[PDB]
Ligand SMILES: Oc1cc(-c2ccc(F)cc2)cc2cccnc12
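Take a look at this single chain, the form deposited without the ligand, given in structure tokens.
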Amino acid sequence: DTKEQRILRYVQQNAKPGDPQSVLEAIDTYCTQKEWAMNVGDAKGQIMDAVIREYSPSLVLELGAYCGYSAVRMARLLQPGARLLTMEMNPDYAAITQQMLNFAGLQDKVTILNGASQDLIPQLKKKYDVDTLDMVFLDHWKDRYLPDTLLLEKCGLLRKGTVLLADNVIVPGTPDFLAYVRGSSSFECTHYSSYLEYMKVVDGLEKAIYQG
């Protein structure tokens, strides 16, 4: 029906329920069969994995979601007691992301919030138990990365050592987000460009560690 829901029935037919590696492989194979320019799955996932593993976050906020690849990717790795909160505005993306997490057997570790980042971020402290975040994954919507970052700061959600990891920041792309976290003395930045075997970047990611 819709391509995001096609990723769904495909996972439903090929993956083993309760096996997130199988679900990720299924999502990857499907999107690579067609949509991703090259193999963005492998290109982003292994960076995502190293970052989660380096910092051991207990509370991760994902900002943006499309077909749930990134949420499955993180959630599979969360230590016992750790949680993922994911916000996504498009109700169908939120629904597919939820269904994908259920399939993979990770629904107990995640909360999907279907709403605008701008309404939901201010609600995070009172309505969910949040003090500060350990990690923020910024995902599908490049023009939201800066304003969401600014609003997390405003709202006192970042502490010294909070990791922001932003997907799909390839130059000339996201000029404003990059210019902000780079020129800011409150963020230490590391840029990852995944080529796979190619000469052109398949995915680029930005890690920005908030300094307090």
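Throughout, we count residues from 1 along the sequence that is shown. We call the rigid core the largest set of C-alpha positions that still match within 1.5 Å between the two forms.
Beyond the structure shown, there is the form deposited with the ligand bound, which is absent from this document and is the topic of what follows.
### Shown form pocket vs the ligand in the deposited complex, superposition, backbone/C-beta distance 2.4 Å
After C-alpha superposition the pocket is blocked.
### Answer range among 137-145, 76-84, 123-131, 103-111 for contact with the ligand, defined in the deposited complex as heavy atoms within 4.5 Å
The contacting stretch here is 137-145.
### Query
With the partner left out of view, is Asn168 within 4.5 angstroms of the ligand in the deposited complex by any non-hydrogen atom?
Answer yes; at least one heavy atom of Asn168 falls within 4.5 Å of the ligand in the deposited complex.
### Query
Can you check whether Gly156 is within 4.5 Å of the ligand in the deposited complex, heavy atom basis?
The answer is no: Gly156 has no heavy atom within 4.5 Å of the ligand.
### Query
Taking heavy atoms and a 4.5 Å cut-off, does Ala50 contact the ligand in the deposited complex?
Residue-level check for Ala50: no, no contact with the ligand.
### Query
For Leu196, is any heavy atom within 4.5 Å of the ligand in the deposited complex, or not?
Although the ligand is absent here, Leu196 would touch it in the deposited complex, with heavy atoms inside 4.5 Å.
### Partner contacts for 24-48, taking the ligand in the deposited complex and a 4.5 Å heavy atom cut-off
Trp36, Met38, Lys44 sit within 4.5 Å of the partner.
### Task
Might you check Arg53, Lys160, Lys34, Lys154 and identify the only one whose CA position changes by 2 Å or more between the shown form and the other one on rigid-core superposition?
Looking at each option in turn, only one qualifies, and it is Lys34.
### Query
C-alpha of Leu196: shift of 2 angstroms or more between the shown form and the other one, rigid core aligned?
Yes, shifts by 2 Å or more.
### Message
Quick one: with a 3 Å or larger change, is the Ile7 to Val202 CA distance smaller or larger in the deposited complex? Answer closer or farther.
### Response
Note: Cα gap between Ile7 and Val202 widens in the deposited complex.
### Message
Quick one: with a 3 Å or larger change, is the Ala37 to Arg73 CA distance smaller or larger in the deposited complex? Answer closer or farther.
### Response
Those two alpha carbons end up closer in the deposited complex.
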